[PDB]
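**Q** How does the following fold in three dimensions:
(one chain, ligands or ions: 4)
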Amino acid sequence: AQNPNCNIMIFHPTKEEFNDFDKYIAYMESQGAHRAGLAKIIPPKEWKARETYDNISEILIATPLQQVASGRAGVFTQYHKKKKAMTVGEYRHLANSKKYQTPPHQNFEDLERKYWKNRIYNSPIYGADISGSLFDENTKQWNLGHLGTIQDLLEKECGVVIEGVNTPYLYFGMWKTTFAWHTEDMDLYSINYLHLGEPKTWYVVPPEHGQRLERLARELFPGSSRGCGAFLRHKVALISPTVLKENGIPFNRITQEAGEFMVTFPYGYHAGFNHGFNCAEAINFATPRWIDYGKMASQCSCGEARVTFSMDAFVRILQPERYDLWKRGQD
Ligand SMILES: O=C(O)CNC(=O)C(=O)O
Ligand SMILES: [Mg+2]
Ligand code: NI
Ligand SMILES: [Zn+2]
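**A** Numbers count the residues shown, from 1 in each chain. Ligands and ions are numbered 1, 2, ... in the order given. Please see the structure below:
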């Protein structure tokens, strides 16, 4: 069995290996990369996403979100307060202001210590889930707007044609912006490219151990757990590495830098934070190996999770027994 300790693997594809996306995902899996829940892919030196980032300032962040925390430094929830619209140039200036800028630090480990000590005492502002792409149309390799769609994958594997679309999303971050513990919708894969700026630190639980994280979360967030049998789908709960280690939960950590891709694998729980002003692009995707995970994915039906149009068909076809309850939670 490849990668039996479930370590995060780092890959360096050549330009020839970078041509065929599906083939390379399958290669990484042949080496056991999915056992970690997360892998890093460093593009060949010949590749670029686009020519420059000099002309992105006029992109609009229609609904910036202020992430307000409640709890204790290592075990907290966050809610998102909507703010007035602003451009990427305005948001960059805000991220660099004395109130929001990254503090002085020695190295990534010192900054990680500072994040977990101090996060709750501040409310950073995140531009999230902005439909769009920063890949040049002429970039033919690993262009996150030109991937095979999940609807086409389901149709290829199962024979059923379904409605829905699959497009990428942009994220603009600042110091302390936070992504809560979650798996993807329908336990899909994700891919994330860090286009520019400061790093992103990730934490991940191996898929084979995801239910250990779920049981700890029910203990640590007991009101939320009574409210909903899949409350991590709400994407609001944070648990620090120190608390995970105290409770024996298997996990790993890695820092992504600009120019690097990360892939999350089906049912890989992940969380993390941004180091300073940055911009990332991410999208969900599927492979044949995903179908079994889609069939078994938990679902929130309490009303909180609310998701895209295209998840309807995935539930309806893969989880017909659950469909009527889930759709009620959508309405
Ligand atoms: O970068 C972010 O804020 C969140 N991204 C992801 O959860 C992802 O790519 O799966
Ligand atoms: Mg612009
Ligand atoms: Ni994710
Ligand atoms: Zn719920």
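
**Q** you'd agree residue 226 is in a helix?
**A** Yes - assessed by DSSP: H, G, I helix; E, B strand; the rest coil, residue 226 belongs to a helix.

**Q** separation between it and residue 238?
**A** Distance, residue 226 to residue 238, using C-beta to C-beta, to the nearest Å: 19 Å. All C-beta spots, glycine's among them, are computed from the backbone N, C-alpha and C.

**Q** Which of those two has more residues huddled nearby?
**A** A count of neighbours by other C-beta atoms under 10 Å puts residue 238 above the other of residue 226 and residue 238, at 25 against 10.

**Q** I believe that one is in a strand; please confirm or correct that.
**A** Yes - the assignment for residue 238 by three-state DSSP puts it in a strand.

**Q** Phi and psi next, for the closest residue in space to it that isn't next to it in sequence.
**A** Counting by C-beta to C-beta, 6 or more residues apart in numbering, residue 76 is the residue found nearest to residue 238 once chain neighbours are left out, at 5.2 Å. Dihedral angles of residue 76 (phi, psi; degrees, to the nearest 10) stand at phi -150, psi 160.

**Q** Okay, and the beta partners of residue 76?
**A** For residue 76, the beta-bridge partners are residue 71, residue 238 (DSSP bridges).

**Q** now residue 25, nearest residue through space, not along the chain?
**A** residue 287 (6.1 Å).

**Q** OK, contacts around the one you found?
**A** Applying C-beta atoms under 8 Å, 6 or more residues apart in numbering to residue 287 gives the contacts 22, 25, 26, 153, 189.

**Q** Quick check: the first one touching residue 148?
**A** Yes - under the criterion of C-beta atoms under 8 Å, residue 22 is in contact with residue 148, at a separation of 6.9 Å.

**Q** which one is whichever residue of the stretch 1-150 of the chain sits closest to ligand 4 nearest to, not counting chain neighbours?
**A** Closest contact between the stretch 1-150 of the chain and ligand 4, by C-beta to the ion, is at residue 77 (13.4 Å). In space, residue 77 comes closest to residue 236 once its chain neighbours are excluded; the distance is 4.7 Å by C-beta to C-beta, 6+ apart.

**Q** which strands and helices sit next to the helix or strand encompassing residue 212?
**A** Taking DSSP states H and E as the criterion, residue 212 maps to helix 210-220. Here helix 210-220 touches strand 237-239, going by 3 or more C-beta pairs under 8 Å, 6 or more residues apart in numbering; DSSP states H and E.

**Q** For the helix or strand harbouring residue 192, which helices and strands make contact with it?
**A** Using DSSP H and E, residue 192 sits within strand 189-197. On a contact count with 3+ C-beta pairs under 8 Å, 6+ apart, strand 189-197 meets strand 261-264, strand 278-285.

**Q** Ligand 1 contacts on the stretch 51-200 of the chain?
**A** Residues of the stretch 51-200 of the chain lying near ligand 1 by C-beta under 6 Å from any ligand atom: 171, 179, 190, 192, 200.

**Q** Pick the one among those residues closest to ligand 2.
**A** Nearest to ligand 2 among these: residue 171, at 16.0 Å, using C-beta to the ion.

**Q** The residue of the chain found nearest ligand 2 - how many residues pack around it?
**A** Closest contact between the chain and ligand 2, by C-beta to the ion, is at residue 58 (3.2 Å). By the criterion of other C-beta under 10 Å, residue 58 has 9 neighbours.
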